[PDB]
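Source file work.csv; content: CSV, C-alpha atoms.
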chain,number,residue,atom,x,y,z
A,10,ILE,CA,0.0,0.0,0.0
A,11,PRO,CA,1.7,3.2,-1.2
A,12,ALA,CA,0.9,6.0,1.2
A,13,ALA,CA,-2.4,7.9,0.7
A,14,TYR,CA,-0.5,10.9,2.2
A,15,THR,CA,2.9,12.0,3.6
A,16,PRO,CA,3.2,13.9,6.9
A,17,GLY,CA,3.1,17.6,6.2
A,18,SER,CA,1.0,17.2,3.1
A,19,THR,CA,-1.4,20.1,2.6
A,20,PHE,CA,-4.7,20.6,0.7
A,21,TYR,CA,-7.5,23.2,0.7
A,22,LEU,CA,-10.6,22.1,2.6
A,23,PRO,CA,-13.7,23.8,1.3
A,24,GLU,CA,-16.8,24.4,3.5
A,25,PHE,CA,-19.8,22.5,2.4
A,26,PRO,CA,-22.7,25.0,2.0
A,27,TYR,CA,-26.0,25.1,4.0
A,28,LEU,CA,-25.0,22.6,6.7
A,29,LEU,CA,-23.2,24.8,9.2
A,30,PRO,CA,-23.6,25.9,11.9
A,31,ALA,CA,-25.4,22.6,12.6
A,32,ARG,CA,-28.4,22.5,15.0
A,33,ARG,CA,-27.5,21.0,18.4
A,34,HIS,CA,-29.8,19.6,21.1
A,35,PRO,CA,-30.7,22.5,23.5
A,36,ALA,CA,-30.0,20.3,26.5
A,37,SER,CA,-26.6,19.0,25.2
A,38,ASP,CA,-24.5,20.2,28.1
A,39,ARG,CA,-26.8,18.7,30.7
A,40,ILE,CA,-27.1,15.4,28.7
A,41,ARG,CA,-23.4,15.1,28.2
A,42,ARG,CA,-22.7,15.6,31.9
A,43,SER,CA,-25.0,12.7,32.8
A,44,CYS,CA,-23.6,10.6,30.0
A,45,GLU,CA,-20.0,11.2,31.2
A,46,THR,CA,-20.9,10.2,34.7
A,47,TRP,CA,-22.5,7.0,33.4
A,48,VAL,CA,-19.5,6.2,31.3
A,49,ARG,CA,-17.0,6.6,34.1
A,50,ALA,CA,-19.2,4.5,36.4
A,51,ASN,CA,-20.1,1.6,34.0
A,52,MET,CA,-17.3,1.4,31.4
A,53,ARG,CA,-14.3,1.6,33.7
A,54,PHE,CA,-13.9,-2.2,33.6
A,55,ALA,CA,-13.0,-1.8,29.9
A,56,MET,CA,-10.2,0.9,30.2
A,57,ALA,CA,-6.6,0.3,31.2
A,58,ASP,CA,-6.1,3.5,33.2
A,59,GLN,CA,-7.6,6.8,34.1
A,60,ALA,CA,-5.7,8.5,31.3
A,61,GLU,CA,-7.2,6.3,28.6
A,62,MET,CA,-10.7,6.8,30.0
A,63,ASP,CA,-10.2,10.6,29.9
A,64,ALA,CA,-8.8,10.6,26.4
A,65,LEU,CA,-11.8,8.6,25.1
A,66,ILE,CA,-14.4,10.9,26.8
A,67,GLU,CA,-12.4,13.8,25.3
A,68,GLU,CA,-13.2,12.6,21.8
A,69,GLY,CA,-16.9,13.6,22.4
A,70,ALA,CA,-18.8,10.6,21.0
A,71,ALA,CA,-21.9,11.8,23.0
A,72,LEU,CA,-21.5,15.2,21.4
A,73,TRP,CA,-21.8,13.5,18.0
A,74,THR,CA,-25.1,12.1,19.1
A,75,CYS,CA,-26.4,15.5,20.3
A,76,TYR,CA,-25.4,17.1,17.0
A,77,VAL,CA,-26.9,14.2,14.9
A,78,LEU,CA,-30.2,13.9,16.8
A,79,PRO,CA,-30.8,17.5,18.0
A,80,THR,CA,-34.7,17.2,17.8
A,81,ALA,CA,-34.8,14.0,19.9
A,82,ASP,CA,-36.5,13.8,23.3
A,83,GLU,CA,-33.9,14.7,25.9
A,84,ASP,CA,-34.3,11.6,28.1
A,85,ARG,CA,-34.3,9.3,25.1
A,86,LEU,CA,-31.2,11.1,23.7
A,87,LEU,CA,-29.3,10.5,27.0
A,88,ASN,CA,-29.9,6.8,26.4
A,89,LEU,CA,-28.6,7.1,22.9
A,90,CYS,CA,-25.5,9.0,24.0
A,91,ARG,CA,-24.7,6.2,26.5
A,92,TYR,CA,-25.1,3.7,23.7
A,93,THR,CA,-22.8,5.7,21.4
A,94,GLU,CA,-20.1,5.8,24.1
A,95,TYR,CA,-20.6,2.1,24.8
A,96,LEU,CA,-19.8,1.3,21.1
A,97,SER,CA,-16.8,3.6,21.1
A,98,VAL,CA,-15.4,2.0,24.3
A,99,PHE,CA,-16.0,-1.4,22.8
A,100,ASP,CA,-14.1,-0.4,19.6
A,101,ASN,CA,-11.2,0.9,21.6
A,102,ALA,CA,-10.9,-1.9,24.1
A,103,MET,CA,-11.9,-4.9,22.0
A,104,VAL,CA,-11.1,-4.2,18.4
A,105,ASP,CA,-7.4,-4.1,17.2
A,106,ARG,CA,-7.8,-3.6,13.5
A,107,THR,CA,-4.1,-4.2,13.0
A,108,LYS,CA,-3.9,-7.4,14.9
A,109,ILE,CA,-7.0,-8.9,13.3
A,110,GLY,CA,-6.1,-8.0,9.8
A,111,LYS,CA,-2.8,-9.9,10.1
A,112,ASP,CA,-4.0,-12.8,12.3
A,113,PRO,CA,-7.1,-14.8,11.3
A,114,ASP,CA,-7.2,-16.6,14.7
A,115,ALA,CA,-7.4,-13.2,16.5
A,116,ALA,CA,-10.1,-12.1,14.1
A,117,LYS,CA,-12.0,-15.3,14.7
A,118,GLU,CA,-11.7,-15.0,18.5
A,119,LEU,CA,-13.1,-11.4,18.4
A,120,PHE,CA,-16.0,-12.5,16.2
A,121,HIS,CA,-17.0,-15.4,18.6
A,122,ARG,CA,-16.9,-13.0,21.6
A,123,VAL,CA,-19.1,-10.4,19.8
A,124,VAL,CA,-21.7,-13.1,18.9
A,125,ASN,CA,-21.8,-14.1,22.6
A,126,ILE,CA,-22.3,-10.5,23.8
A,127,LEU,CA,-24.8,-9.5,21.1
A,128,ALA,CA,-26.9,-12.6,21.8
A,129,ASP,CA,-26.8,-11.9,25.6
A,130,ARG,CA,-24.9,-15.1,26.4
A,131,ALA,CA,-21.8,-13.3,27.9
A,132,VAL,CA,-20.0,-15.1,30.7
A,133,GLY,CA,-16.6,-15.0,32.3
A,134,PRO,CA,-14.3,-12.2,31.2
A,135,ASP,CA,-17.0,-10.7,28.9
A,136,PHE,CA,-19.8,-10.8,31.5
A,137,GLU,CA,-19.8,-7.0,32.0
A,138,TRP,CA,-20.0,-6.2,28.2
A,139,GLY,CA,-23.3,-8.1,28.1
A,140,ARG,CA,-24.6,-6.9,31.5
A,141,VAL,CA,-24.1,-3.2,30.5
A,142,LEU,CA,-25.5,-3.6,27.0
A,143,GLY,CA,-28.5,-5.5,28.5
A,144,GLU,CA,-29.4,-2.7,31.0
A,145,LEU,CA,-28.8,0.0,28.4
A,146,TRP,CA,-31.1,-1.7,25.9
A,147,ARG,CA,-33.6,-2.3,28.7
A,148,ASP,CA,-33.7,1.5,29.4
A,149,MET,CA,-33.9,2.2,25.6
A,150,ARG,CA,-36.7,-0.2,25.0
A,151,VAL,CA,-39.2,1.8,27.2
A,152,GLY,CA,-41.3,3.8,24.8
A,153,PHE,CA,-39.6,2.1,21.8
A,154,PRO,CA,-42.3,0.5,19.6
A,155,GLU,CA,-41.6,-3.1,18.7
A,156,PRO,CA,-41.7,-2.6,14.9
A,157,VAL,CA,-39.0,0.1,15.3
A,158,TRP,CA,-37.0,-2.0,17.8
A,159,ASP,CA,-36.9,-5.0,15.4
A,160,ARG,CA,-35.5,-2.7,12.6
A,161,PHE,CA,-32.9,-1.3,15.1
A,162,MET,CA,-31.8,-4.9,15.9
A,163,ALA,CA,-31.5,-5.7,12.2
A,164,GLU,CA,-29.3,-2.6,11.9
A,165,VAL,CA,-27.0,-3.7,14.7
A,166,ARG,CA,-26.5,-7.1,13.0
A,167,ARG,CA,-26.0,-5.3,9.6
A,168,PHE,CA,-23.3,-3.2,11.3
A,169,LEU,CA,-21.6,-6.4,12.5
A,170,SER,CA,-21.8,-7.9,9.0
A,171,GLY,CA,-20.3,-4.8,7.4
A,172,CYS,CA,-17.5,-4.7,10.0
A,173,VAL,CA,-16.7,-8.3,9.2
A,174,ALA,CA,-16.8,-7.9,5.4
A,175,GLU,CA,-14.4,-4.9,5.7
A,176,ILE,CA,-11.9,-7.0,7.7
A,177,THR,CA,-12.5,-9.9,5.3
A,178,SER,CA,-11.1,-7.8,2.4
A,179,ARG,CA,-8.5,-5.9,4.5
A,180,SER,CA,-6.7,-9.1,5.2
A,181,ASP,CA,-7.3,-9.8,1.5
A,182,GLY,CA,-4.7,-7.1,0.8
A,183,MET,CA,-6.3,-5.0,-1.9
A,184,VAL,CA,-7.3,-1.4,-1.6
A,185,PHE,CA,-10.8,-1.2,-2.9
A,186,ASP,CA,-12.1,0.5,-6.0
A,187,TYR,CA,-14.9,3.0,-5.5
A,188,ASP,CA,-17.8,0.7,-6.3
A,189,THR,CA,-16.6,-2.0,-3.9
A,190,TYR,CA,-15.8,0.5,-1.2
A,191,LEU,CA,-19.4,1.7,-1.4
A,192,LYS,CA,-20.9,-1.7,-0.9
A,193,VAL,CA,-18.8,-2.4,2.2
A,194,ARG,CA,-18.7,1.0,3.8
A,195,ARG,CA,-22.5,1.5,3.5
A,196,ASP,CA,-22.8,-1.4,6.1
A,197,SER,CA,-19.7,-0.9,8.2
A,198,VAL,CA,-20.3,2.7,8.9
A,199,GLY,CA,-23.2,1.9,11.3
A,200,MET,CA,-25.2,5.0,10.6
A,201,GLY,CA,-28.0,2.7,9.6
A,202,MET,CA,-28.6,2.1,13.3
A,203,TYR,CA,-29.0,5.9,14.0
A,204,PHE,CA,-31.6,6.4,11.3
A,205,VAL,CA,-33.8,4.0,13.2
A,206,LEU,CA,-32.8,5.4,16.6
A,207,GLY,CA,-33.8,8.8,15.3
A,208,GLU,CA,-37.4,7.6,14.9
A,209,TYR,CA,-37.3,6.5,18.5
A,210,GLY,CA,-35.8,9.9,19.5
A,211,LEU,CA,-38.7,11.7,17.8
A,212,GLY,CA,-41.3,9.3,19.3
A,213,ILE,CA,-42.5,8.2,15.8
A,214,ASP,CA,-42.8,5.0,13.9
A,215,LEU,CA,-42.3,5.0,10.1
A,216,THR,CA,-42.2,1.2,9.6
A,217,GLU,CA,-45.2,1.1,7.3
A,218,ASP,CA,-44.3,4.2,5.5
A,219,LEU,CA,-40.8,2.9,4.7
A,220,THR,CA,-42.3,-0.4,3.5
A,221,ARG,CA,-44.9,1.5,1.3
A,222,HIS,CA,-42.7,4.2,-0.2
A,223,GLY,CA,-39.3,3.5,-1.7
A,224,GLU,CA,-38.7,7.3,-2.1
A,225,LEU,CA,-38.6,7.4,1.7
A,226,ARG,CA,-36.1,4.5,1.8
A,227,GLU,CA,-34.1,6.3,-1.0
A,228,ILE,CA,-33.8,9.6,1.0
A,229,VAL,CA,-32.4,7.7,4.0
A,230,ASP,CA,-29.9,6.0,1.6
A,231,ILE,CA,-28.8,9.4,0.3
A,232,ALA,CA,-28.2,10.6,3.8
A,233,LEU,CA,-26.3,7.4,4.6
A,234,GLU,CA,-23.8,8.0,1.8
A,235,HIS,CA,-23.5,11.7,2.6
A,236,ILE,CA,-22.6,10.9,6.2
A,237,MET,CA,-20.2,8.0,5.4
A,238,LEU,CA,-18.3,9.9,2.8
A,239,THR,CA,-18.1,13.1,4.9
A,240,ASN,CA,-16.8,10.9,7.7
A,241,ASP,CA,-14.1,9.5,5.4
A,242,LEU,CA,-13.0,13.0,4.3
A,243,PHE,CA,-12.3,14.0,7.9
A,244,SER,CA,-11.1,10.6,9.3
A,245,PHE,CA,-8.7,10.1,6.4
A,246,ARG,CA,-5.6,11.5,8.2
A,247,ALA,CA,-6.0,9.3,11.3
A,248,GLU,CA,-7.2,6.1,9.6
A,249,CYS,CA,-4.5,6.2,6.9
A,250,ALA,CA,-1.9,6.7,9.5
A,251,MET,CA,-3.0,3.4,11.0
A,252,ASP,CA,-3.0,1.6,7.5
A,253,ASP,CA,-6.8,1.1,7.4
A,254,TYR,CA,-7.7,2.1,3.9
A,255,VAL,CA,-11.5,1.4,3.7
A,256,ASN,CA,-11.7,5.2,3.2
A,257,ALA,CA,-13.2,7.0,0.2
A,258,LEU,CA,-10.4,9.5,-0.1
A,259,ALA,CA,-7.7,6.7,0.1
A,260,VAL,CA,-9.7,4.9,-2.6
A,261,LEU,CA,-9.8,8.0,-4.9
A,262,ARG,CA,-6.0,8.5,-4.3
A,263,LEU,CA,-4.7,4.9,-4.5
A,264,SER,CA,-7.2,3.4,-6.9
A,265,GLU,CA,-8.1,6.2,-9.2
A,266,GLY,CA,-4.7,8.0,-9.2
A,267,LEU,CA,-5.9,11.5,-8.2
A,268,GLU,CA,-3.5,13.9,-6.6
A,269,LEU,CA,-4.4,14.9,-3.1
A,270,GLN,CA,-6.2,18.2,-3.9
A,271,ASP,CA,-7.9,16.7,-6.9
A,272,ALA,CA,-9.0,13.7,-4.8
A,273,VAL,CA,-10.4,16.1,-2.2
A,274,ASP,CA,-12.1,18.2,-4.9
A,275,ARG,CA,-13.7,15.0,-6.3
A,276,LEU,CA,-14.9,13.7,-2.9
A,277,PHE,CA,-16.3,17.2,-2.2
A,278,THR,CA,-18.2,17.2,-5.4
A,279,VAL,CA,-19.7,13.7,-4.8
A,280,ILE,CA,-20.8,14.6,-1.3
A,281,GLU,CA,-22.3,17.9,-2.6
A,282,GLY,CA,-24.2,15.7,-5.1
A,283,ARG,CA,-25.7,13.7,-2.3
A,284,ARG,CA,-26.7,16.9,-0.5
A,285,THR,CA,-28.4,18.3,-3.7
A,286,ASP,CA,-30.0,14.8,-4.3
A,287,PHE,CA,-31.3,14.9,-0.7
A,288,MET,CA,-32.9,18.3,-1.0
A,289,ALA,CA,-34.6,17.4,-4.3
A,290,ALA,CA,-35.9,14.1,-2.8
A,291,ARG,CA,-37.1,16.0,0.3
A,292,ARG,CA,-39.0,18.6,-1.9
A,293,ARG,CA,-40.8,15.7,-3.7
A,294,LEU,CA,-41.7,14.0,-0.4
A,295,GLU,CA,-42.9,17.1,1.3
A,296,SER,CA,-45.2,17.8,-1.7
A,297,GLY,CA,-46.6,14.3,-2.1
A,298,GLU,CA,-49.0,12.1,-0.2
A,299,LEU,CA,-46.8,12.1,2.9
A,300,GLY,CA,-46.5,15.9,3.0
A,301,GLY,CA,-49.3,16.4,5.4
A,302,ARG,CA,-47.7,14.2,8.0
A,303,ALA,CA,-46.0,16.1,10.8
A,304,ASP,CA,-44.1,12.9,11.8
A,305,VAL,CA,-42.7,12.5,8.3
A,306,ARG,CA,-41.8,16.2,8.1
A,307,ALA,CA,-40.1,16.0,11.5
A,308,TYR,CA,-38.1,13.0,10.3
A,309,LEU,CA,-37.0,14.6,7.0
A,310,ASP,CA,-35.8,17.6,9.0
A,311,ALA,CA,-34.0,15.1,11.4
A,312,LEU,CA,-32.3,13.5,8.4
A,313,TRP,CA,-30.9,16.9,7.5
A,314,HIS,CA,-29.6,17.4,11.1
A,315,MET,CA,-27.8,14.0,10.9
A,316,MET,CA,-25.9,15.1,7.8
A,317,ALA,CA,-25.1,18.5,9.2
A,318,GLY,CA,-24.3,17.4,12.7
A,319,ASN,CA,-22.0,14.7,11.5
A,320,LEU,CA,-20.0,17.3,9.5
A,321,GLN,CA,-19.9,19.7,12.4
A,322,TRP,CA,-18.6,17.1,14.8
A,323,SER,CA,-15.9,16.0,12.4
A,324,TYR,CA,-14.2,19.4,12.9
A,325,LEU,CA,-14.5,19.2,16.7
A,326,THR,CA,-13.3,15.7,17.7
A,327,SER,CA,-9.8,14.8,18.8
A,328,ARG,CA,-10.6,11.3,17.5
A,329,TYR,CA,-9.8,12.6,13.9
A,330,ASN,CA,-7.8,15.8,14.5
A,331,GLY,CA,-5.3,14.7,17.1
A,332,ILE,CA,-4.8,14.3,20.9
A,333,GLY,CA,-5.5,17.6,22.6
A,334,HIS,CA,-7.2,19.0,19.6
A,335,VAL,CA,-9.3,22.1,20.3
A,336,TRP,CA,-11.1,23.4,17.2
A,337,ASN,CA,-10.2,27.0,16.2
A,338,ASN,CA,-13.6,27.4,14.4
A,339,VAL,CA,-11.9,27.5,11.0
A,340,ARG,CA,-14.3,25.7,8.5
A,341,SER,CA,-12.2,26.2,5.3
A,342,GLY,CA,-8.7,26.9,4.2
A,343,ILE,CA,-5.4,25.0,3.8
A,344,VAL,CA,-5.2,22.0,6.0
A,345,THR,CA,-1.8,20.5,7.0
A,346,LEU,CA,-1.8,16.7,7.6
A,347,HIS,CA,0.7,16.0,10.3
A,348,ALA,CA,1.5,12.5,11.6
A,349,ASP,CA,-0.2,13.3,14.9
A,350,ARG,CA,-2.7,16.0,14.1
A,351,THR,CA,-4.9,17.9,11.6
A,352,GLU,CA,-4.1,21.6,11.4
A,353,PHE,CA,-6.9,23.8,10.1
A,354,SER,CA,-5.6,27.2,8.8
A,355,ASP,CA,-7.7,29.8,7.2
A,356,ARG,CA,-5.3,30.4,4.4
A,357,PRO,CA,-7.4,30.7,1.2
A,358,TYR,CA,-7.6,28.5,-1.9
A,359,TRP,CA,-5.9,31.1,-4.1
A,360,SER,CA,-2.8,30.8,-1.9
A,361,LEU,CA,-2.1,27.1,-2.5
A,362,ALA,CA,0.7,28.1,-4.8
A,363,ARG,CA,0.7,24.8,-6.8
Go ahead and render the structure in this file as structure tokens.
Amino acid sequence: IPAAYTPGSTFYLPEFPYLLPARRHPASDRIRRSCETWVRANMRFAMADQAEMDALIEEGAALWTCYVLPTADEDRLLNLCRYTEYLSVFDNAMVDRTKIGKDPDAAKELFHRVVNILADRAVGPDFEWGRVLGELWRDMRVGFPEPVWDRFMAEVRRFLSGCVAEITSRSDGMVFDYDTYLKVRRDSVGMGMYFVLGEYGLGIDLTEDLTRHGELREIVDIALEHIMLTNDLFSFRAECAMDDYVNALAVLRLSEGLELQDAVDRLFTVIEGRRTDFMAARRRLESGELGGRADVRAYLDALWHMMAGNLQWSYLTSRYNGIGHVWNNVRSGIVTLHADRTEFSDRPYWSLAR
């Protein structure tokens, strides 16, 4: 794998229009405080030391959830934040993408343990993973209609399948082409789970509407690709400094031969295309049979906030931008990709000098 970038590389990051500043849940600060308390109390078993726990909380996974579901009910959103942190703690403590790409026995052992936990059969060393998940899903299931809950469970299993298929072809050696990256990443990104959790957040149930109208399924799918591609743009530096190349920008560099700026321009254009496709789909849906439905209107608005909040959080998080990152509020300008951090400068596109 030739490098997708070299430390100190630069490119101009443009600001996607419309999306920012993203709407945030009005009770975010209050929600995140309770979430943090819960994480430090219940997920301590999974972290080596205090410093690792602090570093993980500092990435702000619960803040992602508050930006992505800003019209959710506050008490429901607290449950979802704790679920988001649980999944991040699980990834950090249990998943060594490097070890399990090079070692099929280690991959197999992880998969067996995840099956046990997901199926609520966790004993011995993994007992706490299944206890915590059980109580969390117990809390979440209150006021969570069964047709929506079943779709959420299908999304969790789809997330597992996607993560497996991505490891399957990462220990296969090849860096994907775009079309193959799309089929894998659409499932491994896990955003499918949050489209359904967003119905729960709103207190609505669109099961029958999703069955009846493919235009409604299509708009969800447009938002899915928007979010996964936007995520890849901002996670590129960190993920390609770990040699994980299931990343759209890596794919455009290494498989389609674009220079870094041209690959960023191309990925920007694709994501903008999903944003314009989304707005066009939304106009048709809000003028058709479902346009009189306040619950459907609320959900289409919520889909927008998931796209916008996902972009907003990508600037904020140390997970992508480096240990100790504090965002300087610069949304566009020349970015410098260092080995340990993303530097956002406001230097303009005309000054690239290349």
Listing only residues of range 220-244 of chain A within 9 Å of range 287-291 of chain A, what is the closest atom pair and its distance in Å (to one decimal) for each, using all atoms listed in the file, sorted by chain and residue number ascending, as CSV?
residue,atom,partner,partner_atom,distance
A:224,CA,A:290,CA,7.4
A:225,CA,A:290,CA,8.5
A:227,CA,A:290,CA,8.2
A:228,CA,A:287,CA,6.1
A:229,CA,A:287,CA,8.7
A:231,CA,A:287,CA,6.1
A:232,CA,A:287,CA,7.0
For a quick check of understanding, using all atoms listed in the file, which of A:132, A:48, A:13, A:311 has the smallest distance to residue 255 in chain A?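 Using all atoms listed in the file, the shortest distance to residue 255 in chain A belongs to A:13.
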What would the list of residues within 12 Å of (-17.3, 17.1, 12.1) (file frame) look like as an MDAnalysis selection string, if all atoms listed in the file are what count? chainID A and resid 24:25 28:31 68:70 72:74 76:77 236:244 315:330 336 338:340
Taking all atoms listed in the file into account, which of A:136, A:203, A:313, A:54 comes nearest residue 86 in chain A?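 Selected residue with least distance to residue 86 in chain A: A:203.
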Shortest interatomic distance to residue 285 in chain A - which of A:192, A:235, A:117, A:222, counting all atoms listed in the file: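 The answer is A:235, which sits nearest to residue 285 in chain A.
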From A:178, A:22, A:292, A:216, residue lying nearest residue 274 in chain A [only C-alpha atoms]: A:22
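One finds CA of residue 312 in chain A at 27.9 Å from CA of residue 101 in chain A.
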Please, what distance in Å, to one decimal, runs between CA of residue 15 in chain A and CA of residue 65 in chain A?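 Between these atoms lies a distance of 26.3 Å.
CA of residue 191 in chain A is found 27.5 Å from CA of residue 305 in chain A.
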Under the rule that all atoms listed in the file are counted, which of A:347, A:195, A:302, A:275 is the nearest residue to residue 213 in chain A? A:302
Given the choices A:350, A:334, A:306, A:108, which gets closest to residue 246 in chain A if the distance is worked out from all atoms listed in the file?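 Result for the nearest residue to residue 246 in chain A: A:350.
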Neighbouring residues of residue 100 in chain A were defined as those with any atom within 12 Å, considering all atoms listed in the file; residues of the same chain fewer than 5 positions away were excluded. Please report them as a PDB file with C-alpha atoms, keeping the file's coordinate frame.
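Printed below is part-v7.pdb as written:
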ATOM      1  CA  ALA A  55     -13.000  -1.800  29.900  1.00  0.00           C
ATOM      2  CA  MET A  56     -10.200   0.900  30.200  1.00  0.00           C
ATOM      3  CA  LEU A  65     -11.800   8.600  25.100  1.00  0.00           C
ATOM      4  CA  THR A  93     -22.800   5.700  21.400  1.00  0.00           C
ATOM      5  CA  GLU A  94     -20.100   5.800  24.100  1.00  0.00           C
ATOM      6  CA  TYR A  95     -20.600   2.100  24.800  1.00  0.00           C
ATOM      7  CA  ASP A 105      -7.400  -4.100  17.200  1.00  0.00           C
ATOM      8  CA  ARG A 106      -7.800  -3.600  13.500  1.00  0.00           C
ATOM      9  CA  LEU A 119     -13.100 -11.400  18.400  1.00  0.00           C
ATOM     10  CA  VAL A 123     -19.100 -10.400  19.800  1.00  0.00           C
ATOM     11  CA  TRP A 138     -20.000  -6.200  28.200  1.00  0.00           C
ATOM     12  CA  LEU A 169     -21.600  -6.400  12.500  1.00  0.00           C
ATOM     13  CA  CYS A 172     -17.500  -4.700  10.000  1.00  0.00           C
TER      14      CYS A 172
END
Shell of 12 Å around residue 135 in chain A, all atoms listed in the file, local chain residues under 2 positions omitted, as a PyMOL selection string: chain A and resi 54-55+99+102-103+119+121-127+129-133+137-142
